[PDB]
Amino acid sequence: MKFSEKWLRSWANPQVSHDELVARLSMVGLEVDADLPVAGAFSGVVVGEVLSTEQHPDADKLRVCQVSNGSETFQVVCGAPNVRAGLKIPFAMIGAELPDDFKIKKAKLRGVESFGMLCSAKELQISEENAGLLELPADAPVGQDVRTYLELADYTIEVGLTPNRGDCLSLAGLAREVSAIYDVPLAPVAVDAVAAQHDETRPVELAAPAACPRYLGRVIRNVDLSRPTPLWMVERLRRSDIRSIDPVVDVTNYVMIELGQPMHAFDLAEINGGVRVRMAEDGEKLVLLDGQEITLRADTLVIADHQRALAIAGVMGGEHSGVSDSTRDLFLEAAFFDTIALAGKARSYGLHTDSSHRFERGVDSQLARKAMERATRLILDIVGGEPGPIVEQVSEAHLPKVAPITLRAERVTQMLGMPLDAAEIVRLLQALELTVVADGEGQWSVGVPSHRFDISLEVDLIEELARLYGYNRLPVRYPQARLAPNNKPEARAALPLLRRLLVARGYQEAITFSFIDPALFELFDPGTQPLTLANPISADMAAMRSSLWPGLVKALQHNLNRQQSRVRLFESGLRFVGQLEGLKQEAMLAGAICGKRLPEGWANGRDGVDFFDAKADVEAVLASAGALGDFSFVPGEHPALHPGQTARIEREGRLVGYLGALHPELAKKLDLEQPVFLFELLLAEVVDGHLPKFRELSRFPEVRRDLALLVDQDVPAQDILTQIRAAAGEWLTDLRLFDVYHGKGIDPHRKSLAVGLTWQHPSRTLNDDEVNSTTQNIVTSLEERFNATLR
Amino acid sequence: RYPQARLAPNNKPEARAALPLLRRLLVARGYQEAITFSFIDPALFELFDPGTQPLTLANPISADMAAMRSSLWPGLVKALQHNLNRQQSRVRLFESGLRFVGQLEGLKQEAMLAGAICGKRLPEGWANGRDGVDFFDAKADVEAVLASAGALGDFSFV
Amino acid sequence: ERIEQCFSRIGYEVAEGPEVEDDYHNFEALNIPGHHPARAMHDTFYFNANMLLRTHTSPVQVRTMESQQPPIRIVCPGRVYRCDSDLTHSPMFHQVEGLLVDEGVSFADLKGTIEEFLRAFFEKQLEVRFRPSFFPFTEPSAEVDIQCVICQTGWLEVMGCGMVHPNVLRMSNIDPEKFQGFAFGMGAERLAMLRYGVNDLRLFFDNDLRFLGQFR
Amino acid sequence: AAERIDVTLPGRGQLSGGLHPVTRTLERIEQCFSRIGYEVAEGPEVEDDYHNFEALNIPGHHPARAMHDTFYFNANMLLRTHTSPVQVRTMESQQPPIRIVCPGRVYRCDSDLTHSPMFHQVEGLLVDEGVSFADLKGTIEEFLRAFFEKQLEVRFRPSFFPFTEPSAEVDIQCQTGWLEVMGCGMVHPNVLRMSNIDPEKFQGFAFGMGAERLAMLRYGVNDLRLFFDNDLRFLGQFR
């Protein structure tokens, strides 16, 4: 909602500066988005009248004018194509200071004297019109300052209204606010009734009184549509961002922007047997004034006649029914349309109008009559004609009614944190035109005015009191809390903890989009149907991720393509598994690494990262809540990972996730020339750990024995170690794998595993005989299970 | 009953390396936390702090617990050798606590973070180098701690 | 993390929920009716007629209000999805949304909370301004401004809040006659940009190491 | 042809160490309170007889002040017997409300096998305009439930402390199936009076618990001497 400050001040003048007014507005819930002056500065420019024009005797493109300023006639030479006798135009006198430091001096143009200058809107910075001189009205006052006449000492204010303040979508609504805010007298436009010059009317039928409980119609005969819209109206609309189109639309727009009542005029000739306000029939077709051919639904209210639909009620008029060049007679319309009945209807046909907006947001249900009289006067003054009587069709039972609200002083005090005086409460609410009446001690009954559609509850009243008193003026308190000590279980690896671990372990945290390209999804998750969006932003953002890997791999290559060689990233977030019926939204921790194992340094090995570097990062995360033993890495396969270097991570047979090298075929497809190691973990399976259970320390030394073991190259080292613990006895305190050999020294289908076995008895020393007896039974067990041999 | 409290949101500054944070870093960086007695043997004190008069107790529990520590190093070195003498070869320890500097008139009680390391650089494993820990391994642990609140540049090793 | 800490220190619990929500928890239960323009496909990402990608973290507050009876002190951090994206807006962003429901909660209580949170977060004794605004789920509501101390009138809109609307409580079986409440919301990326001096919102989702490495 | 296959072999490099069981316990206690508005308060380990005794309603002739129980440097300077002097320093520096938790090293002379000459304790304090014994009972009962992660039975028995009145010894279930875990009580008026806090207007409660005691119950530790020995065979059990 944009408006002229001068126009608003003519109704309610707050008696403060422009800056003060623009400040207070945003501070009360009417946020000013823009405050611009209407024109550039200048002095000495007055309304002048061209008395005569002669052809310049020594220059064909020039004219020699005799111009009066109401006090004296001056000779002024002028080259404007539109300069002619009887023209009321801006006359810049000698001495006059025009925009961008332009001083008017005496001139002798081609041997002819000139005592001033005639101006165009551009030269005065009024408009961009430089085609010719600014032709002022025929009735303009000669001698009057052009700034005074054109009311150029003004600003335009743009307010970004909240959907609950549909009442401020007019100068009437906005002026009522200023009067409330500043406790200043409100001087509204006095709208006198226009007496009927004849008795010609058109019948009106309310076939859907629930959607339209009031409709006003008036016949206006023999209108001259060739006649122009006056400057004051054009300027007032222009200052509210409304383009002048034709007198009739300009009036119905002006009335809507002045009072807040959207209005419409039909060519009387186009109305076949009076108005029928009814719901549209399913598949009813209407061509709008813009040419759009709409196919209507039964839930839409239309303004029709006895033959066809004429317009979509409260939103837009039809082509056929509207005003044309042939139009001689009008039929004005001013109505109340129910907000509920109209809600979203314009949008459902892909439409949005100043009328649709206002009716949806709420138009004062009593206003139709005042607006109809206002539009009638303006129409007669602009295009002439003879007014008929007003036809008012109204359904009292369907008219909007808001039950009186009981406001309690205790509740105002409670909510505001401070008590307000009864006189203050009353004065404030009465300014908003609310009907406050005492209802015992510290309680009132308040009635809602016809323009407010947002007030119905006690809280809405308290809101208004808060708003007008001042939000920043209100007290500050900290809420009371009956708090008891509490804490989450000790043995748990929370995500904030796991993140900090990875940071310490040399990782950079990444955040990627949850919606990825379906082709990318398919690469990491083949044959899986992604959860696809109905309205994606683009096609490459249509699939909900089932893994954080695609997004991480992408961020990794984004960096690789940006002169980065060592990329170490991690992300936490949801994966989306399955379709809506059965959809799983599971929190994942994923990581991706490539490049050298260590950063570039004098003391650091130049070796590249491998599977076992990522495995240690995973091991560290799985050990975070003292439950590393509950996890097992088992040889696996994943469509996105290298089948020779893939580990399936499990806890009690349940899947935790995967750890492996990115599949070389996938790297090829993504143009990655480097080995990349990935891991993804179900956080739900990682969080729970175990609380320390103390086991008594022995006062006796530990015994260590080393075993070099030859086994099949393909037998997993974990299976061997598991079988060792199984045979090692109850005293084994530690078992370490310190070397793996696969070379020239032994058979090429075999491997030597160097294991260190540590034992400690809790109550005595261990003898060599028993320790050697244990060692031998461990060996015998490995000879029978994996056909192991000693090196 | 549970007491009533008119509480307001609050938080400590963002750019700060608090001790709980520094501890967890060292844990992640392969350290074991130690807690040693603040009162140490005067002979031990003198070894690490020569010429310095310790703040001595009038009634110590024993003579080897008569001097207030001016450094956490004696206590850490001791815990390190306690383990070394108990079949441990790789000892990585850290402690936080007060140091006591000067006599009662002018006594400074300052919170210190100390660490002590010995043995192989890495634990015994198939994929790990059998190299022993050196000065630059400890330097990295220090560097990591000094970088904790984005102010590593403010520090200089001279 | 920092926002969560300002509240978790004074009895607030961190609340989480699904990113793929239903129109009841996301809209209906938050006093957003069927015809409301926010519900439209121009602003909300949909899967079908009922299932969507959450526009805010407030549905977690609903799930909490349905599961338990007051007191309620929760903070809802998380990824949220808006359709209408450009350069100044991302189709995915993070926000923290708070809720307090107890037997005697005032607007002064909300004002106090917000003012002390912004001072704690921005680590300054900055000036905090409250302006009347509209939200369907809160009444009365406000837009919160802070000075241009952390760099047109030297005021910056940083968060929104308001007193929980009675219908919101009523819908989630909480009696508004007995219980009162306040809610607030703030943009994670917005706050991160003010604090760290980040100009381009697109830097966050690009994950360039030359950018990321600046927050060590 | 991608025969770059490998195993279930342990990862490369260093893994995480751990924290001391006492540090885990201190951290955990602090968290139960810091979540509900309590500030962590710290002070010096070498204190004066005023903050350590006089200000805590312990008079000159009191047996606790003697050299048989307290470590001294001279007549006025000593090693703190409790973390309560931090509460004094707080009460002197500020006016209520006060919600502080005081974790720290404390020193007792009379040591043996069941007692250490150095140990840790957390001591809490709440000072406000309407604090009751019901408030204290509620706080303690909910703290022990949170800490021990069980809905255990909490018993309060009348006891004596010079700085609190009325006072209690707090028991929890598991020879009578009850275990003395902490002490508490309402702050004595003379304590407040001495630190310029009017007892007519302000009331308060204080509590204390042994860090090693709690750590032993939680983790199943038998010997108190294990904590200060720092054996890796012990420490490594709390990773």
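We did not get these values from a lab; they are worked out from the coordinates using the rules stated. Note that each Cβ is placed from the backbone with ideal geometry, even for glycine, and that neighbours are counted across all protein chains shown.
Before moving on, here are some points about what is shown:
- Global geometry of the stretch D:19-239, whether rounded, prolate or oblate, following the gyration tensor of its Cα atoms and the 1.5 cut on a/c: oblate
- 12 Å beta-carbon shell around residue A:137, net charge (K/R +1, D/E -1): -3
- At an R0 of 22 angstrom, the distance between the Cβ atoms of residue B:62 and residue A:700 translates into a FRET efficiency of 0.20.
- For the pair residue A:73 and residue A:105, a Förster radius of 25 Å applied to the C-beta separation gives a FRET efficiency near 0.80, rounded to the nearest 0.05.
- The label point for residue D:92 and the one for residue C:22, both projected 7 Å from the Cα toward the Cβ, are 6.3 nm apart.
- As a rough guide to protection, the peptides A:189-198, C:86-95, A:473-482 ranked by mean Cβ packing within 10 Å, highest first, stand as A:473-482, C:86-95, A:189-198.
- 11 Å beta-carbon shell around residue D:111, net charge (K/R +1, D/E -1): -1
- Computed over chain B with a Gaussian network model linking Cα atoms closer than 10 Å, the most mobile of B:62, B:70, B:38 is B:62.
- Cα gyration tensor shape of chain C, rounded if a/c is under 1.5, else prolate or oblate by comparing a/b with b/c: oblate
- Using the rule -39500 (n - 2.57) for each DSSP H run of four or more residues, divided by the residues of chain B, the 222 nm mean residue ellipticity is -7500 deg cm²/dmol.
- Normalised by the number of residues in the stretch A:699-791, the average gap of Cα pairs under 8 Å and 6 or more apart makes the relative contact order 46 percent.
- Relative to the dominant Cα principal axis of chain A, helix A:247-258 is inclined by about 60°.
- Residue mean of other protein chain beta carbons inside 10 Å, A:500-510: 4
- The charge dipole of the stretch A:39-153, taken about its Cα centre with unit charges on the Cβ atoms of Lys, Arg (+1), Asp and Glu (-1) only, comes to about 320 debye.
- Relative contact order of chain A, taken over Cα pairs closer than 8 Å and 6 or more residues apart, is 8 percent.
- Alpha-carbon centroids, the stretch D:7-50 and the stretch A:236-298: separation in whole Å: 74
- Mean Cβ count within 10 Å, highest first, over the residues of peptides C:184-192, B:79-87: C:184-192, B:79-87
- Mean per-residue shielding of peptide B:91-100 is 3, counting Cβ atoms of other chains within 10 Å of each Cβ.
- Angle between chain A longest axis and helix A:717-727 axis [Cα atoms, degrees, rounded to 10]: 50
- Two-site label geometry, residue D:112 and residue C:199: point separation in nm, points 7 Å out along Cα→Cβ: 7.4
- About the centre of its Cα atoms, chain A shows a dipole size close to 1840 debye [charges on the beta carbon of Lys, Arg (+1) and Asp, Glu (-1) only; nearest 20 debye].
- Estimated FRET transfer efficiency (residue A:401, residue C:216; beta-carbon r; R0 51 Å; 0.05): 0.20
- Positive-end residue of C:149, C:108, A:252, charge dipole of the protein assembly as shown with Cβ unit charges: C:149
- Think of the protein assembly as shown as a dipole: +1 on every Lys or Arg Cβ, -1 on every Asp or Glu Cβ, centred on the Cα centre; then among A:27, A:62, C:78, C:78 lies furthest on the positive end.
- The stretch C:116-183 and the stretch A:338-369: distance between their alpha carbon centers, rounded to Å: 30
- Note on the stretch A:7-61 and the stretch A:79-121: Cα centroid distance 21 Å, given to the nearest whole angstrom.
- Between residue A:785 and residue A:347, residue separation times 0.36 nm minus the direct Cα-Cα distance comes to 150.1 nm.
- Protection proxy ranking of A:110-120, C:203-213, by the mean of other Cβ atoms within 10 Å over each peptide's residues and highest first, is A:110-120, C:203-213.
- Environment charge at residue A:442 (Cβ cut-off 10 Å; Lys +1, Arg +1, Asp -1, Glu -1): -1
- Computed magnitude of the charge dipole of the protein assembly as shown (debye, nearest 20; Cβ of K, R +1, Cβ of D, E -1): 2820
- Positive-end residue of A:114, A:143, A:104, charge dipole of the stretch A:39-153 with Cβ unit charges: A:114
- Within 10 Å of each Cβ in A:532-538, the average number of Cβ atoms from other chains: 6
- Entry note, the stretch A:196-394: relative contact order of 36 percent, from Cα contacts under 8 Å with a spacing of 6+ residues.
- ³J(HN,Hα), Karplus 6.51/-1.76/1.60, whole Hz, each residue of the stretch A:456-472, x for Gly, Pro: 7, 10, 4, 4, 5, 6, 4, 4, 4, 5, 4, 3, 6, 5, x, 4, 6
- Estimated distance in nm for a label pair at residue A:668 and residue C:49, the labels positioned 7 Å out from Cα along Cα-to-Cβ: 4.8
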